[PDB]
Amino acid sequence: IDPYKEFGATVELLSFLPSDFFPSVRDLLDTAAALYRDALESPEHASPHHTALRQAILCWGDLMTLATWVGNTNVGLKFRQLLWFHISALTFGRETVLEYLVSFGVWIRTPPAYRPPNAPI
């Protein structure tokens, strides 16, 4: 019911970030997608970020194919979150990016007058 529950996060942990922070879906695909982890077609299923990332990209394609089959709505662009998560969990490590989502969740949720001088990275 929650895609991020098992990886140690939740949808709200990614909701704390502004929607303009994530790169586009075309910038998540190609760049950072087929460049790194070219082996995603290996009969392997390495750490679950790989096997979830697969169904994620396949899902984006299975959306776009019907979308173009008709002719739009980017409210179904939440994959831009997903693809950012797993990839960032693969390249930068899962503990680090999860600690960043938590840390920025404590950036917002505090009054800006009380905020420390530095933002999380």
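A residue's number is simply how far along the shown sequence it sits, counting from 1.
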Residues with no coordinates between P43 and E44 in the deposited sequence, how many: none, 1 to 3, 4 to 9, or 10 or more?
none
Quick one: higher average CA temperature factor, 49-57 or 32-40?
32-40
Averaged over C-alpha atoms, is the B-factor higher for 96-104 or for 18-26 in this PDB entry?
18-26
Within this chain, which third does the Cα B-factor at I87 fall in: lowest, middle or highest?
middle
Splitting the chain's C-alpha B-factors into thirds, which one does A9 fall into?
lowest
Please place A67 in the lowest, middle or highest third of its chain according to the CA B-factor in the PDB entry.
lowest
